[PDB]
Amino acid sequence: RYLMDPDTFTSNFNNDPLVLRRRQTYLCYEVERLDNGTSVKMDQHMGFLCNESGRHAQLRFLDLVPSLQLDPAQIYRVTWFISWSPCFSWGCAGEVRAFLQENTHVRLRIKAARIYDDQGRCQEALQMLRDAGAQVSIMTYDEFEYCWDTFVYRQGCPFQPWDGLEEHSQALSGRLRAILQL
């Protein structure tokens, strides 16, 4: 099971708002079955994806859903830890929205390291994700450290936060919440 290089993680998940990092998107994913009150994980149902040749990571996750062989009779929670949202292209959120409409046994939780508020398409795309049932939030220390511990080739090294991580996360979270306020 393949683990990310540590500089790739740090370079892509850094939440400095003064950086406009839109070239790549890294999406770390885990799928759990909701049963017996608890959650049940599957290690072959965890991994990470980047954009590959114009096909956004979010779309690459949707392409591998069949290979997950989800029992349509059960409820599943898919979590994404994604370096930024929402997916920039037009209708790429629409493809996510559509997948959620056709797979009503799947609940999608999106934890983004950052968002880019353009006061336009970006806000509308985030709202449409919410409206299709996704739960979108901004990553905090706990989630960066989880992803470090879970997806990165860290060789026993502990997570080392960058300067401003918590301040930046709280500022982004405030703005996402404002956008998504019902």
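Counting begins at 1, following the sequence as shown.
Novice: So which stretch wins on mean C-alpha B-factor, 133-141 or 37-45?
Specialist: Between 133-141 and 37-45, it is 37-45.
Novice: Averaging CA B factors per stretch from the PDB record, which one is higher: 101-109 or 75-83?
Specialist: Averaging CA B-factors over each stretch, the winner is 101-109.
Novice: Out of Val31, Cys28, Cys157, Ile115, whose C-alpha atom has the biggest B factor in the entry?
Specialist: Most elevated C-alpha B-factor of the set, per the entry: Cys157.
Novice: Using only modelled residues of the chain, where does the Cα B factor of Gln58 rank: lowest third, middle third or highest third?
Specialist: Middle third.
Novice: Lowest, middle or highest third: where is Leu70 by Cα B-factor in its chain?
Specialist: Highest third.
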